């Protein structure tokens, strides 16, 4: 288990800030390395939450599981609070590729049973079917530990 929260038990006040148009699902990687879902954040809303130093957080579209960014990066690690003011985790849309954005919009209109009834190249069937998930993203982030 490479990507997991550190069981520091050191509290850390964090403000989850949803600066995106998506309903954001905060995802916490537990001490065992598994992702756990947390209450969702409507667009524009933000909650002050209790986390711990060294824990790991991902942020996803609560419905389509599209990847979002937190503080311009993919993972969020809370730190100890200076001057009693919380840490801000600003969740925003990444600038998707036009292809991926197109795949998003088509995925939200065609049921997966009907991907093959669309008139496109067969490589676009396999692209429409490779939904974004948390697990595949984790395997990429773990294998990027090399240097």
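Positions refer to the first chain, counted from 1.
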| query | finding |
| --- | --- |
| Residue range whose averaged C-alpha B-factor is higher in the record, 12 to 20 or 135 to 143 | 135 to 143 |
| Mean Cα B-factor comparison, 39 to 47 or 118 to 126, giving the higher one as deposited | 118 to 126 |
| Peak C-alpha temperature factor (PDB record), options 68, 102, 27, 110 | 110 |
| Residue with highest C-alpha B-factor in the PDB entry, from 97, 85, 92, 64 | 85 |
| Third assignment of residue 106 from its chain's C-alpha B-factors | middle |
| Where the record places residue 80 (Cα B-factor, split into thirds across the chain) | highest |
